[PDB]
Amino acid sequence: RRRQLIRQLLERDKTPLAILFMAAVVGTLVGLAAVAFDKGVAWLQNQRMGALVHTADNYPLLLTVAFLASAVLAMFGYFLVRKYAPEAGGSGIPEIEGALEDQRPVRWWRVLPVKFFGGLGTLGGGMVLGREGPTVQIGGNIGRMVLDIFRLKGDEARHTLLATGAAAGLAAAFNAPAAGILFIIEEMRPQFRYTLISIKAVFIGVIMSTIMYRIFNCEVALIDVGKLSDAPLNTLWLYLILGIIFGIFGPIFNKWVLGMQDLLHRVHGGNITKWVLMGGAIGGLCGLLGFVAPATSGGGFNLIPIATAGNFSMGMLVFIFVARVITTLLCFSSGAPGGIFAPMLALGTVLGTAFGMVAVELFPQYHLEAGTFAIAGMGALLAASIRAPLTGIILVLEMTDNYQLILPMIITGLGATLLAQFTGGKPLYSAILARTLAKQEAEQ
């Protein structure tokens, strides 16, 4: 092997140019798709808001126009996935990981129109789901579209071009290029065998996709938190406790998402008309709470600057938390197109801030700021549920830019992923792909 190694080492990082050029193309198209998806959801965001203004006197009428406007848009998303692209429901990240292990087909001719237009209705109606889901699976499918259009083949051309499209999709969804690459290597690569995902090609596609997102989004950040305080060494133990809380809640939440998928199926048994009429009922549910209590609904990026700055009362923080976990399951486990990734950032910050407020008034000698435990908890449920802690920590840091909190963010992230394992939890994305490949091959 000594001889085989010597000529592997002297022949390393030599990605074929054909792949790198096509990595540039997929990232460009993923960026344009992600921007267009973002502007669309926002356009529906105020179309629906401007409707709330020709109706703002008749309080019954307005809670009516809120439900219906969001119910229809939701029903438009549930329908478009159940009738033309069943694997475009839910997140789509695990379906894209199945493809990378050659275990799921990527039907780009169907998933690209379905999840794009389906997600527009689901996210534009104000349900608690994230853009990450759509943009990664959309971005992956575009990787296979250009993988077919120019008929490149070879195992890597299939695997890389599909990987860079997925990374470009995560990057463009958060304006986080570093997190996009880390997600592929840490979570979305085939994780029990060697593969040829060319990292240099993933780099190319990520930059082009987020350059396109900065052509249409600069000067405004998704989340602005200011510069928080530093974390003294004698305070780190408090972040280890916070991770421990996240570490045991992580799996419990994982059982809920899975179990609620089952419970939600039995109400509709599976045929398309009962299903989409229940998607309209919770789609109208969240469009109503979207303004009777906005923090309960939506993607949740709105509350995070508010929660970090300690501008929420502790009573409300638990309300928002217990409301938002209810809202989160019933929207994601329903099968609606949209991610769970971003909603769990919101839940992480709300739980962090509550722990921080308690810490601030048991230890005045620590001179604490609740926000630092908001930032540390932001990525903690990602670490406990998804168990991609390195992505979670670099994503949170890319979006909040408080590098001085790297150790507390690292410690509660590892505390979360430590107790999630020792309490019998599983990576959510792997646990649902497993259940998807289990019933297809067991009860076929």
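Don't overthink the numbering: it's just position in the shown sequence, from 1.
Averaged over CA atoms, B-factors in the entry run higher in 322 to 330 than in the other of 322 to 330 and 174 to 182. Of the two segments examined, 367 to 375 and 332 to 340, it is 332 to 340 that shows the higher average Cα temperature factor in the deposited entry. Taking the PDB entry at face value, the top CA B factor among 349, 164, 217, 209 belongs to 217. The maximum CA B-factor among the listed residues 41, 49, 406, 395, taken from the PDB record, is found at 49. Compared with the other modelled residues of the chain, the Cα B-factor recorded for residue 431 ranks in the lowest third. In the deposited entry, the Cα temperature factor of residue 235 sits in the bottom third of values across the chain's modelled residues.
When the modelled residues of the chain are ordered by C-alpha B-factor, residue 132 sits in the lowest third.
Among the modelled residues of its chain, residue 358 has a C-alpha B-factor that falls in the middle third, as given in the PDB entry. Residue 108: CA B factor lies in the middle third for its chain, per the PDB record.
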